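**Student:** Once you've seen the sequence and the experimental structure below, I've got questions.
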Amino acid sequence: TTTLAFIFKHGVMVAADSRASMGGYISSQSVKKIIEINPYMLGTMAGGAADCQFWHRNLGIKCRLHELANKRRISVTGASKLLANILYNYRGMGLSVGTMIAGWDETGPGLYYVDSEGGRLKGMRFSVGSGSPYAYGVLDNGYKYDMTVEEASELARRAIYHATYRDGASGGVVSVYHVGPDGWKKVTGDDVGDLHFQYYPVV
Amino acid sequence: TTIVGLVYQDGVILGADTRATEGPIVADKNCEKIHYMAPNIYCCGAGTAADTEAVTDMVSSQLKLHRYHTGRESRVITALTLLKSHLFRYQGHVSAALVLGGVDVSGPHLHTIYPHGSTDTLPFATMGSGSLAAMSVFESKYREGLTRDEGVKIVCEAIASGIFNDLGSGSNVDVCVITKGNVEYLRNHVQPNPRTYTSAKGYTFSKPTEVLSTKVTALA
Amino acid sequence: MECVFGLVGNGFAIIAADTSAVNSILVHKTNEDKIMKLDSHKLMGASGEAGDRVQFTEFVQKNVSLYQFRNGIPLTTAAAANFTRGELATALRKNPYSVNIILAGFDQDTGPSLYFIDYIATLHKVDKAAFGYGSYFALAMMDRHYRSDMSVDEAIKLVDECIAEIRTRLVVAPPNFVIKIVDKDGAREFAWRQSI
Amino acid sequence: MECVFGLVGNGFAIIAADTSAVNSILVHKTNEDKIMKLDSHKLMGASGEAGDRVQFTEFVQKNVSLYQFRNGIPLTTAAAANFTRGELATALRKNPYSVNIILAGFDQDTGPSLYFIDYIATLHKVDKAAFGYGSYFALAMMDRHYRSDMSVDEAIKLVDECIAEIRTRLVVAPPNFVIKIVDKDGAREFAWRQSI
Amino acid sequence: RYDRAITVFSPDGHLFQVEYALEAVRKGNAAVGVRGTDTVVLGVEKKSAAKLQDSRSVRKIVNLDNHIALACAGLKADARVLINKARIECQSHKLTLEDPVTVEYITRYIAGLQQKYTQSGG
Amino acid sequence: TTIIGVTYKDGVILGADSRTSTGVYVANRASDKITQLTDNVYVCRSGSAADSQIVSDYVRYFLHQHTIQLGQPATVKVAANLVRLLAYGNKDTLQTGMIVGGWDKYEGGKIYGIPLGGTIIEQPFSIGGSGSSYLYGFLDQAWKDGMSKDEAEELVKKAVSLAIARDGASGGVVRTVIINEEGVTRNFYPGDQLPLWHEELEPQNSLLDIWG
Amino acid sequence: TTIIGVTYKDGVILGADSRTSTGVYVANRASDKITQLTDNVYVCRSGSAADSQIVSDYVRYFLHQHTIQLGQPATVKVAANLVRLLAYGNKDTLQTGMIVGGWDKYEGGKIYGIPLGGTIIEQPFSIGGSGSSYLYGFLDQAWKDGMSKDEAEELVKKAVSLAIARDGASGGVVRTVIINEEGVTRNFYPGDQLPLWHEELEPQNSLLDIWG
Amino acid sequence: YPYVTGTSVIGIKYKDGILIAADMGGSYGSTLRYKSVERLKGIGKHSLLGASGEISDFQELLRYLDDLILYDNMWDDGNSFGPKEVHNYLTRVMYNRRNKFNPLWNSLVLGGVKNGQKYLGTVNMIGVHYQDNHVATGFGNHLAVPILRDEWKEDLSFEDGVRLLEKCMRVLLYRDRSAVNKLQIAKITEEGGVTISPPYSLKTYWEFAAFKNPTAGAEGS
Amino acid sequence: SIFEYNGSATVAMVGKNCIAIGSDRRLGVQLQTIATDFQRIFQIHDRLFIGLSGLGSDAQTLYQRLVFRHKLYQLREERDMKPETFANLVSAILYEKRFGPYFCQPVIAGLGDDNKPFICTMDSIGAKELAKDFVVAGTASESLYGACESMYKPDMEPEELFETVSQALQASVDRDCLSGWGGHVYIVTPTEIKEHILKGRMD
Amino acid sequence: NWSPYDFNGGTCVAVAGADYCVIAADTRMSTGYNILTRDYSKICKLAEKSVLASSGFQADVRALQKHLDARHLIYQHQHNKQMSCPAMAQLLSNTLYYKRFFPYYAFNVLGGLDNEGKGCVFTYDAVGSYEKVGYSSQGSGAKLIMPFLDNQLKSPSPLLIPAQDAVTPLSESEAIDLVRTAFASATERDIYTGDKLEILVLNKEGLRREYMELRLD
């Protein structure tokens, strides 16, 4: 799999593929790899699918109980640290979760990368999965802080597509999300089978 | 696989199913598992295919050369001993295992050969995955002096048992009857399980299947 | 891999540590600050697993701040280092932490003080230290031009030289380093060393 | 560990490679030039165990030179690549060399070419190639910006970008890369990318 | 383990143990807090400075955190247990969520602990 | 498996059990574990089937060559030493244990036990195969030197049947081979002819003949 | 180790060897492997010397509690089932064969084999230890039902000495216990009193007696 | 590890009842230590089961089932476990003890007739279970289910049932090397109850000319 | 293992008097996609084609070695080698290395004699699988078996055969992560050879 | 030494539609290369609108089915309501995951109508992840069924933002026929599938069971 995110002027983008592959076989290509933890927060699936799904339901439940108890919506830092601790209690258990937590706090955007062994990073651009190398290869070239929303989304699509092209385990629809002051909205999903021949026209 | 050998009053009957698999998937629905070695010798191969065809073919060629050299008709003991001498010296690494049968100056012969060179002489033999399913039938119904039709019936029953009761072997039954002079081989004697469905209307290939290039050659 | 090394100068102490954050073969972040202000006058540079590093250093900071509140008078640097060693030793045979610790701090009366603690808890008041693969170059350099009364500017020149050698002679040379100093006026960050 | 990659322009085939020779953690040398010249019109970048890399590359150069003088006409690039593949594949099952090879060349009647030869001896005439951990970044960036008609300025800009990314994102990022170009004039050294 | 309902309802529906806890509070050192536009001034009445009392080591107004300060009234011995629990949980909140506690969160936590003690047995 | 050899006044009475197994399955129920080397010498094959069979073949081949060269009936001692030539020569590969018995004008009936590993031991009798262990105690109190062809035959039948009744690896029909001055005499004793030992019942066609 | 129990017309006669070995060194050459569990019941200890005796101790303790609470001597069945309790509940920790024998006024002299794993099999006679293989055939051939004391004891002696003679791990004396209505009796047979089997010579104080 | 283990236990639902057969052997590695270990038991009023595999574990399952059935009987409320409930309890216990990595090493064949509905089923050492007209365990699952499938009939007589079951058991006796000639057939029927055949041995045939003389010659063989 | 070091998908299928052989088009270290234009199908002569799935290097070696032997047969015998004979030759030269085997799973297809199709694939040590409806090899073995079993018909014109092999190969490769990136299908008839390159998913 | 698991084979298929859902699986159990029984039903009706079809290890499959019946009965009793299909789907995901470190060896496929009446299908793996789909297959013959099912029943992934329409849903009879052809062509080429086909069609008028005789070898 290959997933990515990056903060820029107008918020944080998150882009991901849609390909679940076990061994050498394509289980499916409709797997939704961007989990919405909260109308203002997105969690990204990578590594183990069962682990990511279960622990993101747990995280969503903890966040909802937090909203109920404190009458205020939890921040991105709080959710990231919650997940990091929860995972750290199982460090030796062989969990395979690694996921970006992307959201818009009360204090501007946020993007953290959490890991199956309690490794938590606050960063400005991330990419995770077996296709991370190409995601960085493309993302770092076009990335600029002030690039507008349209070209930011285009950059996320291009990065995920290139990870898809050079990677066996990454493919399917390219989902891209935009997290901003008014919550998050899905911007695009484009099947790579058509995205490719959009990018390198036959002629 | 299921391969079988029975010595009836006049000669030796060999039998085998026709399924060949590569793991849990049947590669070949109709395999040829009874092999020719000489005008009076045939053998059903079990174990590693490549090895069985290689060894049976090598022995067939050696036996033909000896037939020329001596002129007279080759006998089964020769094939058995050549197979032993080849299989042993490779210490079972060549994993060919056969049921070998024929009719000679001395009369019907039936042997089982195992990858290490251990051989047996038997009235009834079975090998392959369904060897137990076949040996059930043999230990229940075999007797001395079966006539050709009863003997072939029993062999077909054994192979059907080794088809329906074991997953490794299936498909259709084949048989080779080795009497004194004539070897009556049946390419597909019993087809007991036809195709259960017709598929009604053939399914259509909606996607027109886009193609990028087409080199074409005007072959003479 | 995470390289950190320390030093005790005239009336201060200096901890430097690379700031890359690496997965197997990938540099997710080249800005990871690995030296925490354990206290107004203490620093704790650590080197180990990322999860173990963060969790353990945060735990020790929890205990330090709790002590400061509970008694009014902050833990002295020797006490903080001994507490860290005690905790790491007690965890050694139950659920080991894999972090190596360098703790520096200025204690109003004694003066500067660097302390070396290893994955297996071994503390030693030392006037120079180093963890990671860059420890070889760090220690060789320091032993070469170090002086017990070596001032701020010259100590930092030495630290720059150690950084440059680590960055030019290690196969896994990390690009960026952070230099943190601690003296009468409390722990601080001394200029970041960008390389990219 | 080595990184190598290639690029085929309109009339040139660039090859770049890291120039760091190491043992375990020490960069015994950062000027180790790894892109060989087989002929006046061939380059052969290699990656793999240093001893095997050198021995195999020298063996292949011996055979290329022997062919040249004996017949009077030099081996064409495709034939040189196929000969390399044959020798490597024959050694594969008897005393394998652990070298990965990228072969570029120019022939007046065919133009620039770049061959992919893996240590398993798989040969393919690739448009763009790369070996080692830097392969991911190199390939992704080339794919993103590659065209089939690049001016040497554009190709060198692309190689510079690939080098910068490989340094920024790898942990074993080597600091120095060499860039060699093959054109109608002949195999040549384009530029040296000092970082340190 | 000693479990018995120390706090039970009296015929009139009152919790005589809680009412007696209030009585104990009403006899403790008076305290006052006032909230300002930009400051929150607390205060308390200590027992005679001329009396040979060294107050250097214990402060009647205490910090549960660098952002939260607490004053008690009633049993001085119990105040210490509350303070320790509150401090520990304040740092724990810092440690599980990166943020420090709000005032209302810690108030709620302290009150919840205090109530729990009024219903558990023994 | 079981293989026993008994020496009586005139010669030998080599024995076997007839059960070649490949695991828990009985691949063959009437295997012939006694083979000819010359008209007067036989070997009780035991252990690996392939190895014992080929050692039998090679000994028969060498011993044909020898008996033609001398033009004279080969002796038992020479047959045993030839078996050892290959048993010892190939300790690594051949996992075989054998018993060689025969008859000569020179020395009479002799039994040479070539256990696993390749020793030759002339013995009054030999026991081999996995079914041997059930017999040491019985034979030690049974062996009487200098028996007739009869008493020796009964003793060999008892030994092999007792090993059969109690050993998983040994069963089927008892085969015996009486080698003497007049020559080899091969016999065949199904289970039905063998006695019935501790807690065994008389075979019956169907329970419908008794009911239950 | 060789341990045997045989039932006769009025009781049982358990018998065992005496050799504890730590490799190829006989650590104790007069070991006592027939441990009492009650006036009625003795149990022949096999397998590891720790497990067998600790099980024996625990079942002694249980029989002491049970007989007092009940007020009657403990049956043999109860003793066998108590041994089985331990040997089975600790199936995964204990490595010990056992043979429980005795006489009790209800079911008379009885024997319960309890091999590894704890399977109480009531038997007319049982055998355990390494030295049982050599006796399987002899006792299929030799067992009789309802012998008298002398016949059963002599069979036990013959069987155990036959195991001693061919078994590396069995040797020394032969101890037998004759549990019977009139009470227990323990006999001791040095190697000297035991018969001589195939390939054994009379003992001799020295060679200067024979050679000279 | 399995120490004293038994072998195949075939099963055949016949008219008016159920028949189960199992040899009386308990083997110890290769040796047959025991040859008279009744390995069929009657459970409750309506049931009957045989076991294969470790004989210690089987004897324990008998204790479990005896407590179960005695506790069931002492109620005297007029309802009891038929074959179905007993087999379901057996599957549950076997699976539960597999979940502890401490398996009962046995394979159970349990069958019986209640209220005119005759049940027959099996359980593995790891909880695998199925109910069928004819079941077997161990080699009876290779060398006997072929012949059972081939020849079983809807309304098999009692004598035809015995003769089929002996055909199967004899075929095993020829080629199992773990089986002893002693064996028992157990009959369970409505209103007759369980009835276990006395031990007996089956006549066997060996006098085939090919066996007497492998190959053929006046000297060799 | 070593067979899926590169990953391939090859199919052969028999029409009326035409034969069709298809294949994938990508080279990969394992999941790296070095080249989307690899050749697994080689023409040895008109009416005889060999597909060499499995390890790429073994494939190239066997192809060059086979060309050597076939040309020398043309010079010595003056007849192009008949399909079945070529299959026997390949089986022999694969079995010669019985204990050093090439990791190839060749597919052999070609018209001959009275314009009569021939198809067979072989074990890595030459066990031939002479079939008559269709043959499949590579990493997409199971998927190709299903697709062809569900899509085959007994006697098929060249155009129906092309469409069916194309759909089978593409639908069967889309369910495989080590294969795809286009396709390369031949329709060989006793008067014409059509070599098609297909539009595939590049992910 | 024992193994705690066994591949008992079989295959399952599910095909949802406008107002129905076709969970269909084979009837076979195999341990190695011998058939245990030819009548092992793999379909389990868990609720009036849910049907669980599982393949893999039979003991685990049946333990899971019984556990889900228990949990659903407790649900019914506590809430006085029958647990909708998506609720069953998430419950089964959770129950599979809770044994994360000792997983059920069961490859599951739900089916049935969501509360409004549109058919669903949820595909799982042994660890517990799941995803609503329009069709699915699991078991020994899944890899052979899926290529064909994909090529005839294929439509834009629901993640394309300007949604690009979908194929007209095969009506019920087309779906039954497609499942039948899938199992015929799967039992033709796979050894662990056959001996019967159990088709279960869940619809507004209730569920129906049908059968098709696959070959016996």
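**Tutor:** Now that the structure is in, tell me what you want to look at. Numbers count the residues shown, from 1 in each chain, chains lettered A, B, ... in the order given.
**Student:** Tell me how many other residues surround residue C:143.
**Tutor:** Neighbour count for residue C:143, taken as other Cβ atoms under 10 Å in any protein chain shown: 9. Any C-beta I mention is one placed from the backbone N, CA and C, and that applies to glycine too.
**Student:** Need the nearest residue in space to the residue at the greatest distance from the centre of chain B, chain neighbours excluded.
**Tutor:** Here chain B reaches farthest from its C-alpha mean at residue B:212, the gap being 46.6 Å by Cα atoms, centre = their mean. The shortest distance from residue B:212 to any non-neighbouring residue, by Cβ to Cβ, 6 or more residues apart in numbering or on different chains, is to residue I:197 (4.8 Å).
**Student:** And the helix or strand where the one you found lies, how far out from the chain middle?
**Tutor:** Secondary-structure assignment from DSSP states H and E places residue I:197 in strand I:192-198. The offset between the C-alpha centroid of strand I:192-198 and the centroid of the whole chain comes to 14 Å, using Cα atoms, centre = their mean, to the nearest Å.
**Student:** returning to that earlier point: next, the residue farthest from the centre of chain B: secondary structure please.
**Tutor:** With DSSP: H, G, I helix; E, B strand; the rest coil as the basis, the three-state label of residue B:212 is strand.
**Student:** ok, which stretches of chain H are helices?
**Tutor:** Using DSSP state H, the helices found in chain H span residues H:55-75, H:83-99, H:145-151, H:158-174, H:209-212.
**Student:** And the contacts of the last one?
**Tutor:** With Cβ atoms under 8 Å, 6 or more residues apart in numbering or on different chains as the contact definition, helix H:209-212 has outside contacts at B:7, B:121, B:122, B:123, B:144, F:29, F:30, F:173, F:188.
**Student:** rerun that using 7 Å as the cut-off
**Tutor:** Defining contact as Cβ atoms under 7 Å, 6 or more residues apart in numbering or on different chains, one finds that helix H:209-212 is touched by B:7, B:122, B:123, B:144, F:30, F:173, F:188.
**Student:** isn't the first one right up against residue B:111?
**Tutor:** Which is residue B:7. No: with contacts counted by Cβ atoms under 7 Å, residue B:7 stays clear of residue B:111, the gap being 10.6 Å.
**Student:** how about residue 55, what does it touch?
**Tutor:** All of this refers to chain A. A:83, A:86, A:87, A:97.
**Student:** ah, no, chain I please
**Tutor:** Taking Cβ under 7 Å, 6+ apart, we find residue I:55 in contact with I:2, I:3, I:5, I:6, I:103, I:104.
**Student:** just checking, the third one touches residue I:32?
**Tutor:** No: contact status for residue I:5 versus residue I:32: not in contact, 11.1 Å apart, counting by Cβ under 7 Å.
**Student:** the more surrounded of these two?
**Tutor:** Taking other Cβ under 10 Å, residue I:5 and residue I:32 do not tie; residue I:5 has more neighbours (20 against 17).
**Student:** Can you give me the distance of that one to residue A:24?
**Tutor:** Here the criterion is Cβ to Cβ, to the nearest Å. By it, residue I:5 lies 11 Å from residue A:24.
**Student:** and if you look at residue A:151?
**Tutor:** For residue A:151, the distance to residue A:24 (Cβ to Cβ) stands at 36 Å.
**Student:** quick one: which of these two has more around it?
**Tutor:** Under the criterion of other Cβ under 10 Å, the comparison of residue A:151 against residue A:24 puts residue A:24 first, with 17 against 13.
**Student:** my guess is that one contacts residue I:177, does it?
**Tutor:** Yes: using Cβ under 7 Å, residue A:24 and residue I:177 qualify as a contacting pair, with a distance of 5.6 Å.
**Student:** Now chain I against chain H: closest residue?
**Tutor:** Per Cβ to the nearest Cβ, residue I:142 is where chain I lies closest to chain H, at 25.9 Å.
**Student:** ok, and does stretch B:20-37 reach over to chain J?
**Tutor:** Yes: under the criterion of Cβ under 7 Å from any Cβ of the partner chain, chain J is reached by stretch B:20-37 at B:21, B:24, B:25, B:26.
**Student:** returning to what we had before: just the contacts of helix H:209-212: which are in strands?
**Tutor:** Of the contacts of helix H:209-212, the ones assigned to strands by DSSP state E are B:7, F:188.
**Student:** Weed out the non-buried ones from the contacts of helix H:209-212.
**Tutor:** Neighbour-count burial within the contacts of helix H:209-212 applies to B:7, B:122, B:123, F:30, F:173, F:188; the criterion is 16 or more other Cβ atoms under 10 Å in any protein chain shown.
**Student:** residues contacting the first one?
**Tutor:** For residue B:7, the contact set (Cβ under 7 Å, 6+ apart) comprises B:108, B:110, B:123, H:210.
**Student:** Please apply the same query to the fifth one.
**Tutor:** By Cβ under 7 Å, 6+ apart, residue F:173 lies in contact with F:18, F:30, F:188, F:189, F:190, F:191, H:206, H:211.
**Student:** Specify which member of the buried ones among the contacts of helix H:209-212 is nearest to chain D.
**Tutor:** For the buried ones among the contacts of helix H:209-212, the nearest to chain D is residue B:122 (42.5 Å; Cβ to the nearest Cβ).
**Student:** pretty sure that closest one is touching residue B:109, no?
**Tutor:** No: in terms of Cβ under 7 Å, residue B:122 does not count as a neighbour of residue B:109; the distance is 10.0 Å.
**Student:** What number of residues are in the vicinity of whatever residue of chain F ends up closest to chain E?
**Tutor:** With Cβ to the nearest Cβ as the measure, residue F:24 is the residue of chain F nearest to chain E, at 59.2 Å. Residue crowding around residue F:24 was assessed by other Cβ under 10 Å; the count is 16.
**Student:** With residue H:189 instead?
**Tutor:** One way to gauge burial is a neighbour count; for residue H:189, by other Cβ under 10 Å, it gives 18.
**Student:** cool, and residue F:5?
**Tutor:** By the measure other Cβ under 10 Å, the count of residues near residue F:5 is 30.
**Student:** what's the answer for residue F:204, then?
**Tutor:** Residue F:204 has 13 neighbours, counted by other Cβ under 10 Å.
**Student:** cool, the one 4 residues further on as well?
**Tutor:** Look at residue F:208: counted by other Cβ under 10 Å, it has 15 neighbours.
**Student:** likewise residue B:71?
**Tutor:** The local packing count at residue B:71 equals 7, with neighbours defined by other Cβ under 10 Å.
**Student:** How about residue B:184?
**Tutor:** Residue B:184 has 13 neighbouring residues, counting by other Cβ under 10 Å.
**Student:** The one 10 residues further on too?
**Tutor:** Around residue B:194 sit 6 other residues, with neighbours defined as other Cβ under 10 Å.
**Student:** Let me know the secondary structure of it.
**Tutor:** Secondary structure of residue B:194, per three-state DSSP, is coil.
**Student:** Contacts only, for it.
**Tutor:** Taking Cβ under 7 Å, 6+ apart as the definition, residue B:194 has no contacts.
**Student:** what's the answer for residue I:96, then?
**Tutor:** By Cβ under 7 Å, 6+ apart, the contact list for residue I:96 is empty.
**Student:** Distance-wise, check it relative to residue B:12.
**Tutor:** In terms of Cβ to Cβ, residue I:96 sits 34 Å off from residue B:12.
**Student:** so who does residue 190 touch?
**Tutor:** Picked chain A for this. Residue A:190 touches A:157, A:173, A:174, J:160, counting by Cβ under 7 Å, 6+ apart.
**Student:** Chain I, not that one
**Tutor:** Residues counted as contacts of residue I:190 (Cβ under 7 Å, 6+ apart) are I:17, I:111, I:115.
**Student:** Among those residues, which one sits closest to residue C:172?
**Tutor:** Proximity of those to residue C:172 was ranked by Cβ to Cβ; the top entry is residue I:111 with 59.7 Å.
**Student:** ok, the closest one - how many residues close by?
**Tutor:** Taking other Cβ under 10 Å as the definition, residue I:111 ends up with a neighbour count of 23.
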